[PDB]
């Protein structure tokens, strides 16, 4: 690979601050040489600077952790990707033909309940932040809507799919998702900054605060740091660090977390758009210099995350800006992948 471009990374972060991120940071693990940059503040009221060791909410990057657990259950013979979800969770879904593979690749047609919750950004955050939901509650919210397409027929990202994922983990293992994440991922990889504490609202240890941008342009930012994330759970509630997400996606892509057969299933790409695919709880992004990278993005209130690795896991990058509902910042932060993998233009 090209050399990571730290000047380019620095410009990305500075642009993200100019667009409304209080803080922005990135860590590259380049085959044993680290690159780490940060600009701005973890806490905008106190002025405490953001740093690449600050913990944060990774949002939908959680889906990759859920997918790893499920694919280990497939290795163990406890789950068949092409069986019906209702085989394992009887009566859950209105269509017996919706399969586990369809759920994990967002081809199930299940409606995303979060479109109900966040029609207004800050009011929706205020409605869910201190709520505790069961998995079934969230499924029932989805099922109030008809499915949006036939099973398997169309890619349509839906948090509901990884609420089903959590339910399947807990039913088939008899344990909580937190226990399964810990035993199958966090402990074996020594991810000392990585937690699943739902429904606790505290982020353990030193952390970046999250700042939710309101829908009204120019409006005051809302501190969204402390919330249950119960509206997402196995779709969105992991806490981590740039170092730990780098370790996780390098371990995944280098074949440490499941059989080769199941990693191949995880990497069967459904088209998202002309430069992106979706596997099983895994995104592919195709970069301008003809390199593809693998991992996931996250948006949870006040945090935008990108966490991606090369095909062989030897280079990994995690970038975080502590705002959300700011599409300029979201778009800017994607450029860290270009600078880190494609290098100087």
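Numbering follows the first chain given and starts at 1.
For the segment pair 145-153 and 247-255, the entry gives 145-153 the higher mean B-factor, averaged over Cα atoms. Of the two segments examined, 272-280 and 311-319, it is 272-280 that shows the higher average Cα temperature factor in the deposited entry. Across the options 221, 237, 122, 92, the residue with the most elevated CA B-factor in the record is 92. Ranking 297, 51, 64, 292 by Cα temperature factor from the entry places 292 first.
Ranked against the other modelled residues of its chain, the C-alpha B-factor of residue 169 as given in the entry falls in the highest third. When the CA B factors of the chain's modelled residues are split into thirds, the value for residue 337 lands in the middle one. Per-chain ranking of the deposited C-alpha B factor places residue 76 in the highest third.
Looking at the C-alpha B-factors along this chain, the one for residue 28 belongs to the lowest third. Sort the modelled residues of the chain by CA B factor and residue 175 lands in the highest third.
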